[PDB]
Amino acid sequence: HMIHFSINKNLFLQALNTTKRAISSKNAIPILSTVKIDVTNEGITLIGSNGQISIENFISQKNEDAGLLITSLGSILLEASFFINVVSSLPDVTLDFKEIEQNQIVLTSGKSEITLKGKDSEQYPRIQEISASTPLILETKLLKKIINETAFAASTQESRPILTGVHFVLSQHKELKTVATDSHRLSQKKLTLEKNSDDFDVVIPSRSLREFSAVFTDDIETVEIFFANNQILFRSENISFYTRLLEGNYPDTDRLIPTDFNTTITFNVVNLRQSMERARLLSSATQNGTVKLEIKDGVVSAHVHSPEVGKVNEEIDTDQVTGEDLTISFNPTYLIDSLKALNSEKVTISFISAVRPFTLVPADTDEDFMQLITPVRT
């Protein structure tokens, strides 16, 4: 059984590019740099993986846009980057894909014939199948929104794996909590699901979640989620996206969130971001790298002193300041991250002291979106 099919170059190229999102250049298992191409009666399946995530992108014969004509079945491996570059370089709207002697594929497109050396696919590792379960269905724009609101807060230190993921908890059949922290700052988003589902408690690598947002384009309105202990699957009509879960107990984060406050300030999000980025230009010349907010009698100001380099003294305009005076220093990158995560015009930040973590929420909104930032003692 040797492969032979033809297809529309662009729809093919798109599917390859989606699949490539799970394929690294250098992998510790050499063969995982290849894309795997299974060709059956029903259609073509593109498989890619890197040991953390795997993508199965299927193009069905019956898809009108594919212009997919299948003559012979079979399987093959090609080095993904190269193959993808070559297809992309072909001149015509459709192309011929014909396997021949010794794992070679001839690509005919117009008057241009290009033969690439592939590999037998038996050596490619089969993907472990999540057991037939009841799916959880979420609107994808909701997931992408959770991801943008939380994944940046997760650690990037691989020596503490559990905090490199996002913690997802469904309780009471409809209460969804998502939290991420790197021990310095924290992000938490809570929803109520419109429909009830069976409870779960998982930790999903943040890198996997960033790929989820890239793999599932907005054309796909919902996705089905299946849970195992080791892994989890997101599936649309044509795409299956598996990722590993992080084993271990996620820390109890609820205790971390304060309830009573001495000072609050309500800021324009954009203006504050621009103030913190200015602050950061000078504070990043230092290792300490902190901005100092001074709040005296309704006036709020930012100060950075980077010896040898310069000094920032800026008054920041505010919608509202309540409570008592406060002087507090923090890493401005965390504040910026927090701000970039908001979709609201305004932000309410609430404080306790110069040494206790402070909270930030979007102002004037139903959203249960809560963040924390630990200040720096000085």
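When you see a residue number, it is the position in the sequence shown, counting from 1.
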Notebook entry, point to check: Can you tell me which stretch has the higher mean Cα B-factor, 261-269 or 127-135?
Noted result: 127-135
Note to self: Mean Cα B factor from the PDB record: higher for 24-32, or higher for 332-340?
What the structure shows: 24-32
Next item on the list: Within this chain's modelled residues, let me know which third the CA B factor of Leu73 belongs to: lowest, middle or highest.
Entry: highest
Item checked: Among modelled residues of the same chain, the CA temperature factor third for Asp319 -> middle
Check: Mind checking which third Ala363 falls in for C-alpha B-factor across the chain?
Finding: middle
Check: Lowest, middle or highest third: where is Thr45 by Cα B-factor in its chain?
Finding: middle
Item checked: CA B-factor ranking of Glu64, expressed as a third of its chain -> highest
